[PDB]
C-alpha cells in the first residue's frame, strides 16, 4: 500500500507543486527530491524508493539526462519504477523512452492532478501515459 517516491526536476517550483499534491495522498511518501542526476544517482541506494518521478532535462555531467540517464537507471536500479515528466506530448520523444519499458509518462504541467492517477495505476501494476 505505502509507496516511497523520489522526485527529480531542476525547477524548484515543480518540486514544490508535486510535494504539495502528494502530501494530500496518505499512502505516498516523498523520500527525496533532486535537481541534478549526479545527486540523484549518488543518493538513490540510500533511500528505499519505489518510484522515481523524473524530468529528462536536468543537469548531470557524470550520468547524463534523457535516454542516457534512463539506461543508466534501468541497468543499475532495475526494479525502480520510473515516471517521466515531460514538457510536451512530442510523438518521437515518447517513443524512445516508452521502448525502454518505463512505467509512466505525465505532462509536467499537469503533474499535481495527473501524478496521483499515475501512481494509482502503478500500484495496480498498470502503466500511465498521457491522453
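Numbering follows the first chain given and starts at 1.
- In this crystal structure, the stretch out of 52 to 60 and 86 to 94 whose C-alpha atoms carry the higher mean B factor is 86 to 94.
- Legend: mean Cα B-factor per stretch from the PDB entry, 98 to 106 versus 68 to 76; the higher mean is in 98 to 106.
- In the PDB entry, a CA B factor belonging to the lowest third of its chain's modelled residues is recorded for residue 13.
- Per the deposited record, the Cα B-factor of residue 25 falls in the highest third when ranked against the other modelled residues of its chain.
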